[PDB]
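Each chain, written out:
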Amino acid sequence: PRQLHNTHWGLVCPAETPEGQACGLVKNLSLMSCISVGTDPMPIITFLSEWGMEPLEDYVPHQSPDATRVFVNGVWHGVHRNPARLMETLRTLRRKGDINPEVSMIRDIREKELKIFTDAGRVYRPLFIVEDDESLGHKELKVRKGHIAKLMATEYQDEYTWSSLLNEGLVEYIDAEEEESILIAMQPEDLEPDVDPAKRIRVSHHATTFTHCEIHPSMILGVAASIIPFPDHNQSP
Amino acid sequence: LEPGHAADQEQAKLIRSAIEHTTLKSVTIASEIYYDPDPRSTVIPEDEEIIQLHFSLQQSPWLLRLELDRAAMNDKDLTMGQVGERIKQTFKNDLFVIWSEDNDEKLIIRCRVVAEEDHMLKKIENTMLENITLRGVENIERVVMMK
Amino acid sequence: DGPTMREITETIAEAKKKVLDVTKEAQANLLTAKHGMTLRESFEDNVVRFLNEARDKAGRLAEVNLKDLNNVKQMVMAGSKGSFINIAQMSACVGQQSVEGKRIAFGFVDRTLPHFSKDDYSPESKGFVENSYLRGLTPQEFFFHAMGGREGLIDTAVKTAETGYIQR
Amino acid sequence: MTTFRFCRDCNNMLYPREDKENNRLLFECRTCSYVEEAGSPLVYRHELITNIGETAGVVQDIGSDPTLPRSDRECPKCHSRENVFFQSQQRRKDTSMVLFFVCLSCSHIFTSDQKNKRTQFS
Amino acid sequence: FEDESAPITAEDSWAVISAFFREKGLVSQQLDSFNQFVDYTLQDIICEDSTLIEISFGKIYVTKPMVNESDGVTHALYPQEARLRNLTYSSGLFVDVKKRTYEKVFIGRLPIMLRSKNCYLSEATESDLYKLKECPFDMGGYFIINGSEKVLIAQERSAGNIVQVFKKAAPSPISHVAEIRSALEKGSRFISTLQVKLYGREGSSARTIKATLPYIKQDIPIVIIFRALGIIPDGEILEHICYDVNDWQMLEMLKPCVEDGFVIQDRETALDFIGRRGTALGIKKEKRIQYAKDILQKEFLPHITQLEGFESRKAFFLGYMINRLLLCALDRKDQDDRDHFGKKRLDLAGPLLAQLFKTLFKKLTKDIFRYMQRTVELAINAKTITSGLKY
Ligand SMILES: [Zn+2]
Ligand SMILES: [Zn+2]
């Protein structure tokens, strides 16, 4: 429990914990974390069968072994062959806003499972969506300069908003559970299709799988650590 | 090691294998129980040469058959005869044991109880894999050489 | 020294090759396990030996460089606060992080962070911090260094408590 | 590989029984009075060193899984360079680090194990 | 000129971040949690056990913050004054009762989180804040009780309704366990725990599998629970557990399970088997069988359903746990990681304030019941709540 776990990335600060007794047991939320408030699963459960989810009542395993089993908040509601198209739709509905952003949907392809969570208490952060619905080049972040222009336009006027970015499927909320199924790029620049010897040594972009991109890596920090200058040049403790 | 023998990487290895506890489970690939009624002719092809070759210079129709691995075998300096005559010297006359020789391409041991058979066997199968000591001292598990 | 830093980058690059080879070796299934040890156990063993050999030789290259004017070296020569490991982590490679005696574990399924692909046992994946403190750490390096850091804070609390009762 | 059968009528597990006169293997039910001859004489199998489980997860949509690594080797069948690959799915300590590939064109499973001992990988 | 479809750069990130904080601030966790309560969770608690043997409660209204004065009008209360005056920044909680004979109403006070929809500062402009002696820089995810500013620290706990297999220390006779801690989202959170244990360690004779039901004084072999549920034939049962016919290793693992359930060959004998491990020696068969039906219907996997016609749903789920449990004993899966943050949950103001408020609304409900049995011929202790919360 008091050890800094891998799944804490982006959700809880890796530096701000107290010394001694409370060490590792008292944590602090990273700048961009949020905690789910709670939502009704009825609509989703309703939509699920409207889209071919065979009821568990009439499920015969020896007859359809490939079938993906679907759960919602821990409950096994049924089975579904060809989950691929359902998951596409599910992601589109949440990216429009028809499914509350707070909701978490995970599909484990190899594990044959599709789990949906609607309960409160789930911690999550926002990431840039990197779908490749763009032709011109390759996979790119859906947020383009034009969007940022609107963002900064609204700033200056002190109405394009954070919720706008959410509604237009440009950014998504992601919890540790869903995090398992994605591949996140650190710098948006790495989706790029004689070196400064003073810079630090970074790795290479061997990816064509990217599904998301970090808004900014320094957001894994909490409030207190966000005040340390050049924290990345200090010994951890 | 004994005084006049400290450079012999060969003796070190010997003593190592004579200390490192070794059960049958550490040398077995898999175990199977077959219904093989005629103690002479076998339903298993590969074992014909072995039941023949065991007539030169009671038994239930149920057969417990273990397939041993050479790597682990020769590694832990073990002979088919050693392994077999150890199992035999474990289950009193309460068990018929035969085994292929060290030359055959497959290391195999056959056993018959000597009616609730099928059951006693899965139990005997267990005693063999965990309880019988083929070589080594009780409690001594890993054993490494250093210089 | 500008050239020294280059001798350092190459020294580490040479380490990442030795590690890459043993991996291909293991993937082809050519590595032989050392008695009383697992393939994976001895694999890890060689990788960690390579990676520390690197941090270390990388550190010596920096130590030798520094002149007698170098204040850090002046303090080290006198005996007052200082040590190789410090000069090594500040100037050359910081090194391999580790929790419970091993490289960073697959906390997510088959990976250390969602930023990597599954089944990636390379040094950058499993926690090798290539940069010095001077250069700065990448975000992944930073998190791994914090995982390792927390360990020391936790048992420093333990060591503290346990020793006080043993003494009494 | 002891693939067992169930009763024709009451669908319960069948148990091995010996026909002491013709010396052959049967399988009776302990509910009804059903009984059948045995397919093979193998009645039990215990693999101390196993292989099953290593390939678990090879699904039709495996290619769409973003977390999996990709290589451009050639598959012994259609020489297509579209592969996804993983290490043994078993979760034993005494496993190797061999890679299993999945052709994303013909969904064929091949391996990097230069000591490849099996033919089906299941 | 600034092609609006041009890729974004690393510097453009802060624009997206400034946008984030412009809308959420720094303590949205607090505000949002409390707001979800006052706006929904509150009303939902007023409908659970909202009926008495009649008196049924309906809608709820929440007042702006105000003070109960001794020798004076009920005053509007602002945070600044509550801090100084050692007061409590709370608001009036009014319900809507429907009194009906069978054989508005003020009810307690709710301390309000600063800057939540209810607080007077949420809609205040900058100057409104200065005139109110409240720093425009204040964030406000807290309460003001008896004058002191109080914060509800997030409580991290394991999530409910989640299967988890775990290995076990060499000593114990149970080699593996699959656990789920089911609980209903609303109404009353009854955390009945289900455990599916695998007896015997690698190399023990006939490793059996038994499950632990609530109120039942003996672990019950899984085959018997399946029959108590209506799945009788071995064949049908194994199918609910092993969703692959070629997996002879897993099916082999259940062989001893089937044997361990032989004696019982029908639903009633299965129910009686269970009922007897939860009843005294002088109770009648029907009563027993009934006891076991009610248990499997309300104490067994309650998160799935608590109604009737849902026994196939529980059978498949129970089968799923057995599956995952064996998948671990067969060394095909690693035991679950108890430290994975995705399976944790952080309780905040709202959820926290909902445990106490349930518990208290239930005591206010008991009292109202003691105002009927004792009444042979408006008797509401509002303080029961205002004190409970406050305390
Ligand atoms: Zn039958
Ligand atoms: Zn192919």
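Throughout, a per-chain count from 1 in the order the sequence is written supplies the residue numbers; the entry may number residues differently, and those without coordinates are omitted. Labels are handed out in written order, letters beginning with A for the chains and numbers beginning with 1 for the ligands. This view holds some of the chains of a larger assembly, and the values cover only those chains. Side-chain numbers here rest on the full set of heavy atoms in the structure, without hydrogens or water.

X-ray crystallography is the method the PDB entry states for this structure, with the resolution given as 2.80 Å.

The record deposited in the PDB is entitled "RNA POLYMERASE II CRYSTAL FORM II AT 2.8 A RESOLUTION". Database annotation for chain D, UniProt heading Subcellular location: "Nucleus, Nucleolus". Quoted verbatim from the Sequence similarities field of the UniProt record, the comment on chain D reads "Belongs to the archaeal RpoM/eukaryotic RPA12/RPB9/RPC11 RNA polymerase family." UniProt positions are given in the numbering used here, feature names are shortened, and annotations may be inferred rather than shown by experiment.

Draft legend 1. Just the domain arrangement of chain D, in detail. Its domain assignment divides chain D into domain 1 (1-46) and domain 2 (47-122). An automatic or database domain assignment supplies the start and end points of every domain. Look at where the C-alpha atoms of domain 1 of chain D and domain 2 of chain D centre, and you get two points 36 Å apart.

Draft legend 2. Region of the structure containing the arrangement of the chains. It only takes one pair of heavy atoms within 4.5 Å for two residues to be counted as in contact. In this assembly nine pairs of chains touch, with chains A and E having more contacts than any other pair. For chain A and chain B, which are not in contact, the least C-alpha distance works out to 27 Å.

Draft legend 3. Quick look at the sheet that holds strand β8 (residues 164-167) of chain E. Residue and element names in this part refer to chain E. Strands are labelled as partners when DSSP assigns at least two bridges between them. The way it works is that DSSP assigns letters per residue, a run of H or I at least four long becomes a helix, a run of E at least two long becomes a strand, and they are numbered from the N terminus. Taken together, five strands build an open sheet; the order of strands is β8-β9-β10-β11-β12 and the sheet is antiparallel. Among the strands making up the open sheet, the edge pair consists of β8 and β12 (220-221). One ladder, built from two bridges, connects strand β11 (residues 209-212) with β12; its direction is antiparallel. Residue pairing across strands places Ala 211 opposite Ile 220, the latter belonging to β12.

Draft legend 4. Region of the structure containing the interface of chain E and chain A. Contacts between chain E and chain A engage 50 residues on the former and 66 residues on the latter. Of the roughly 5,200 Å² buried between chain E and chain A on both sides combined, carbon and sulfur atoms contribute 61%. Think of a salt bridge as a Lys or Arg side-chain nitrogen and an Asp or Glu carboxyl oxygen that are within 4 Å of each other. The partner of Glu 155 of chain A in a salt bridge is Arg 22 of chain E, and the shortest N-O contact between them spans 4.0 Å. Two N or O atoms count as a polar contact when they lie within 3.5 Å, although within protein this holds only if one can serve as hydrogen donor and the other as acceptor, and sequence-adjacent residues are included solely when both atoms are side-chain atoms. For the pair chain E and chain A, the interface holds 18 residue pairs in polar contact. Residue contributions to the side of chain E that touches chain A peak at twelve residues, all from helix α1 (residues 13-24) of chain E. Residues were grouped as follows: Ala, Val, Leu, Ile, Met, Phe, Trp, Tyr, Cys and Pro as nonpolar; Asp, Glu, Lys and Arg as charged; and all remaining residues, including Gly, as polar. Here the residues of the side of chain E that touches chain A sort into 20 nonpolar, 13 polar and 17 charged. Defined in terms of a 1.4 Å probe, buried area is the accessible area two parts forfeit on being brought together, summed over both.

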